[PDB]
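Spelled out, the chains give:
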Amino acid sequence: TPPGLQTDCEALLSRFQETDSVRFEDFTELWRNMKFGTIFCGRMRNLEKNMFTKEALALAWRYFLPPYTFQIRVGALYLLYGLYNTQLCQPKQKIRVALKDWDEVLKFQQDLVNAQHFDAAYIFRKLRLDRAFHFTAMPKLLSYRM
Amino acid sequence: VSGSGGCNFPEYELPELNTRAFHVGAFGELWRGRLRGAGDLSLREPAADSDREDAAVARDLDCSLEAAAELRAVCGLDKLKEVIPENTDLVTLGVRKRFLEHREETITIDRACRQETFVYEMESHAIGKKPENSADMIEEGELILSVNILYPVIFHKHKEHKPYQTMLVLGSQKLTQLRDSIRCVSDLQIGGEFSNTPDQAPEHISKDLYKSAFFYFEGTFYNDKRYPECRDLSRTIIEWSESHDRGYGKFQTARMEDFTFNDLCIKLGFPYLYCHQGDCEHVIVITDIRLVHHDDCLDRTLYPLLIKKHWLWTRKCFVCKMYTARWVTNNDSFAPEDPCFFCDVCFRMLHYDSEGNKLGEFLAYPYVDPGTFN
Amino acid sequence: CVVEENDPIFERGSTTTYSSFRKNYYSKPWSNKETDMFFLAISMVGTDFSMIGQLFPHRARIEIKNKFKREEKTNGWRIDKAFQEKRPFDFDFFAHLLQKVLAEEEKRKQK
Amino acid sequence: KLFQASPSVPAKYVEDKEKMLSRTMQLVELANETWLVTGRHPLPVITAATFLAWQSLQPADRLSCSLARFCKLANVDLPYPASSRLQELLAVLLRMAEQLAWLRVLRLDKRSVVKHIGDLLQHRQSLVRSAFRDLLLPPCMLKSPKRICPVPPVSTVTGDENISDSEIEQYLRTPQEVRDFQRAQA
Amino acid sequence: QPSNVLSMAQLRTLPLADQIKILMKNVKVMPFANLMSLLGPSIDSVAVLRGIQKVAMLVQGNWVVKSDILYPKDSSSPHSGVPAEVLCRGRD
Amino acid sequence: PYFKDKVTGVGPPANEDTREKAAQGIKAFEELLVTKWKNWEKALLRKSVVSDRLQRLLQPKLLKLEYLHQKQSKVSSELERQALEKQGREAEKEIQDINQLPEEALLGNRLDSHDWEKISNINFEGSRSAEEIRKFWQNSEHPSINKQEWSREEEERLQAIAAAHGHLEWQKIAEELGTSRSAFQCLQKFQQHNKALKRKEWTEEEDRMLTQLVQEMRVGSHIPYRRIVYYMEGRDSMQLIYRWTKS
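Residues numbered from 1 in each chain as written, not as in the entry; some residues may be left out. Chains lettered and ligands numbered in written order. Part of a larger assembly, values for the part shown. Heavy atoms only, no water.

**Student:** Help me understand the overall build of chain A, please; the structure alone is not making it clear to me.
**Tutor:** When helices and strands are tallied, chain A shows 6 helices and 2 strands. Its helices and strands in sequence order give chain A the pattern α-α-α-α-β-α-α-β, from N to C terminus. Relative to the compact-globule value of 15 Å for 146 residues, chain A shows a C-alpha radius of gyration of 15 Å, a close match. Of all 146 residues assigned to chain A, the portion counted as buried reaches 54%. Pairs at least 24 apart in sequence give 74% of the contacts found in chain A among residues at least 6 apart. When the accessible surface of chain A is summed, it comes to about 6900 Å², and 55% of that surface belongs to carbon and sulfur atoms. (Helix = DSSP H or I, 4+ residues; strand = E, 2+ residues; numbered from the N terminus. Rg over C-alpha atoms; globule rule 2.2 N^0.38 Å. Buried < 20%, exposed > 50% of the residue type's maximum accessible area, 1.4 Å probe, protein only. Contact = heavy atoms within 4.5 Å. Areas by Shrake-Rupley, 256 points an atom, 1.4 Å probe, with all protein chains shown as cover.)

Have a look at this one:
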């Protein structure tokens, strides 16, 4: 896992924990004050930057699991959204997903439908239309040679 | 024989090691069923635009632009941070600056990234390539499986293990294609003694002679029956496994030209076998199962292009140390060592006189260096 | 019926077997403080092993007899001094010392 | 069962019967002539000898095999003193190696003398002769027995007929101790 | 559910290599056309050639089984008991 | 990692294809591997050779002494007992002189008869092949080899001696050099000092062949210059790099 990016994501989630629930006003305030889209290209080897963004998105989606309040979950999901929409890497790295995670997000969409946390279904639907999710069995790659 | 009864979801069995048994064809079928797809075409956009999205939201749950009109403006690039990443309280930027300093110390310009550029080019080789024929277009939702292979012993048993190539395979395609695509050195290897006749062209290579090959996945033996010269080592394997109550249950036998990747029952992260040429065994590790995408290779003809290829060091001629060896000599007096190695010119000028007569007694064989594919 | 209650043993090679001659005894050694309090109990009681075994619950009377024979065979002056000295029989303080020895062996096992 | 290749035991452990039996016979004769079987159980020595023979017939593949491993492979109850007998026989073999010329220069040990055990039995006569020139007894007796069987001081002091009655009185149990014993054994 | 223990059906049920090996060990003299006719027309001529070149030699246009195929390394002469290597050398 | 999925390694059966591979002679890269030699391995080789030589020299003497002892124990004559004792003392003095001989002559000449397979399977536990041990003892483990590096007075002579010999023979080159070294080391140093044969100069056909290589087997920007050299004998790495990298 990416060490520094893990700490950055945890700090952003801690800030979203004190922000409003799902209100996009606080997400804009965060993007303004701290700019969680901190670094994408800088100046580094092409494949190094590529794997940097890859591990970023992978760890973010892995952290995006079911248990957390409506703050942490939304924060992780829309951190992923922003990282994908501000993709400065030439390839648009797809967000790594799990098989049952699709049914999980479908149940989340159903909850949004039978709820009124507005703009959340909107951002998630835009992300889906953007063709960003690529699903697998494990949030990372695994072997037996380690 | 039917597949092992199990849920399509790959429920875990060992922490961060591997999941339980499951089917592949039903996996892909349920994967395509639980969503609509119709997005692997790259037709987002290259005028009336508001009414179309209005009608779209009208079928959606909100049927209003109140939130969309604000969120589409918020989620833009004109309000996004080229510039030096500094002057802000950060955490990873410290590690970034430390890496920049370590680079400026010894790393010179932008290079020495051999494996990095290898991965880059091997991934770009499959970006938006179209098939030659219109009938070769990969349909949406096709299963793509990533499969690492560990054939060889010649590598770093110390470096966490990075022995050999990784392949991508399509579900609907047959396993015989993967069999024929695995680039094994033993297939190019050639047997026979050619000390007296060095100029004789080696004929009937091991690939053509030893056509015996078979896969082994979860106690299922897939034996190739495409050629009339293929034997059945699974026969002796089953004989051994059944001659004594060693705890191994009955194993099923099937053909390789009738079972595809879909009909297999595998465990992601579990080692399976691919044994050919008698003792040439490959440890097969199917790691990931994913669907096709417009960014991936959409041409069914060249899918098994590897996503990874391990570098291998060629054996240099022991005499001149300038050319790669092509002949291996045993019991050679003129040779400095017993497991010796010579190239064409050195072997000719050392082991033969001005007319070509065999100087001295020795045993020479065509040394097919492992670094022949790359 | 035995519902997989026991496991088969792959023992007793039909070829042959040998003897052991040593089965059960497997005594346990003493310590310095234990030898001291044992000499104290000797001085306090005498040579009657019944009372010594009754007051020693955690050590066997056969082991006590073996220890007394070993002392008689090796250290005679110590037995002579023990029989010279005498102490009235104490019960409550002896039980307190027994509890202390239990705590000491517990600490030993912990170490 | 190291004679016929069975399913469990691979072919590497299988060895010849006649040669291994002859080697074991030579080894146990050496043990009997070097005072190793006298006073001790013979079967542990036989086991150690056959194990050494099985290891010497092919030291390469069997340098890592242990006594317990060999017993498990052969399905034989491991004797307890077999290990001590093996350690003593290997010490005798090291002495024979020191007696020999090339081996004492090689400076072998209890792990590398197994490959030359065979050579030690070729001329073991003169080797054992010289070893005895330069008796096998238990380790508890070869620890420099300076004072062998110390002479105890003769004490035949008998007095006239007795000593006194103070000892009788100190042997007699007091009423307090009698009552204490009665209370204890009540 | 002699070397001719296997019948024609049991032979055909074996791989082409084993079929050719057994046919050569049994007959020791047979033309390539006769071998093809016995094996069947559905088998490839190149395959039959590759199978026979490893267990037979060409003598005056005909195919003769190799000596080692008839006399394994652990076998011996049934009349004199000499090793199989000498028999192979003599047959060669 | 492990590479024994199917057959754990307890009862792996040698099948028909396996025995055919073993009997044909297709030794791809497994047994031809070579491992660097170690100092303790050198010491073990020297000790084993010395011990084998001393044992083969003493075994006849030991058998003769045993025969003399048997004659003593079986012959009851006193007149011949003096001669028997004299011969026994003579054999003892012979053994004493053999043991007193310094440890310089008991190693043997460069080409002497020994039991390489025996020494290997006894001492090296089969890790080192008999032929490899023979070569290592014949050209790399002899006290008569000149360990001193070339004093810039051997290459100029060898470039002519080997040229006259046409590289057709092994021992004659070293014998004509006469510096008490091995032909292996001599040829190695000579070919490391000299340059390639320099096939040709800017041939358009070879340039287009290299271009086809860079188009068929190249990945990204890195170029396998060793793959380039393999299909083109008579070149050198540094010059080929500096030349092909430009123009």
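**Student:** Explain the sheet that holds strand β13 (residues 340-342) of chain B to me, please; I cannot follow it from the model alone.
**Tutor:** Residues and elements named next belong to chain B. The strand order across the open sheet formed by 3 strands is β13-β12-β14, and the pairing between neighbours is antiparallel. The open sheet has two free edges, formed respectively by β13 and β14 (363-366), since each of these has just one partner strand. For this sheet, the mean angle separating the axes of adjacent strands, direction not counted, is 30°. Taken together, the 3 bridges between strand β12 (residues 327-330) and β13 define a ladder with antiparallel strand orientation. What sits directly across from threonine 329, in β13, is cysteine 340. (Pairing = 2+ DSSP bridges. Axes fitted to C-alpha atoms, helices over the stretch in contact; angles between N-to-C directions.)

**Student:** What am I meant to see in the packing of aromatic side chains here?
**Tutor:** The relative placement of two aromatic rings is captured by the distance of their centres and the angle of their planes. If you walk through the whole model with that rule in mind, you get 50 aromatic pairs over all chains. Relative to B:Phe221, the ring of B:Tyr216 has its centre 5.1 Å away and its plane inclined at 65°; by these criteria the two rings are edge-to-face. For B:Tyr216, a relative accessible area of 16% gives the class buried. When its relative accessible area of 2% is taken as the criterion, B:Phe221 is described as buried. A network of ring pairs unites the aromatic residues A:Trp61, A:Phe64, A:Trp102, A:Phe108, A:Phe124, A:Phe133, A:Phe135, B:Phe22, B:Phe27 and B:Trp31 as a single cluster. The side chain of D:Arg173 reaches across the aromatic face of D:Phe181, ending 5.2 Å from its centre. (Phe/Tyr/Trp six-rings, centres within 6.5 Å; stacked < 30°, edge-to-face > 60°. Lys NZ or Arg CZ within 6 Å of the ring centre and 35° of its normal.)

**Student:** For this particular structure, what's the right way to read the packing of helix α1 (residues 32-45) of chain C against helix α3 (residues 61-74) of chain C?
**Tutor:** Packed helix pairs are specified by the crossing angle of their axes together with the interaxial distance, meaning the distance between the axes. Residue and element names in this part refer to chain C. Where α1 meets α3, the axes come as close as 12 Å, and the angle between the chain directions of the two elements is 90°. Considered as vectors, α1 and α3 are oriented roughly perpendicular to each other. Judged by residue contacts, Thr35, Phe38, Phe39 and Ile42 of α1 engage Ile64, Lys67, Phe68 and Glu71 from α3. When its residues are assigned to classes, the contact of α1 with α3 shows 5 nonpolar, 1 polar and 2 charged. (Parallel < 35°, antiparallel > 145°, perpendicular 65-115°, else oblique. Nonpolar A, V, L, I, M, F, W, Y, C, P; charged D, E, K, R; others polar.)

**Student:** Quick question: what am I supposed to make of the layout of surface pockets here?
**Tutor:** If a probe as big as a water molecule is rolled over the atoms, it shows which places are left empty. In this structure, the second largest pocket encloses a volume near 1600 Å³. In terms of lining residues, the second largest pocket is bounded by 48 residues, among which D:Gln99, D:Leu100, D:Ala101, F:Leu62 and F:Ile95 are the most central. A per-element tally of the lining of the second largest pocket places helix α2 (residues 39-74) of chain F first, with 15 residues. Considered class by class, the residues forming the lining of the second largest pocket number 21 nonpolar, 14 polar and 13 charged. (1 Å grid on protein atoms, 1.4 Å probe; cavity = no way out; pocket = protein on both sides within 12 Å on 5 of 7 lines; lining within 4 Å. Points joined across faces, edges and corners; volume = space filled by probe spheres on them.)

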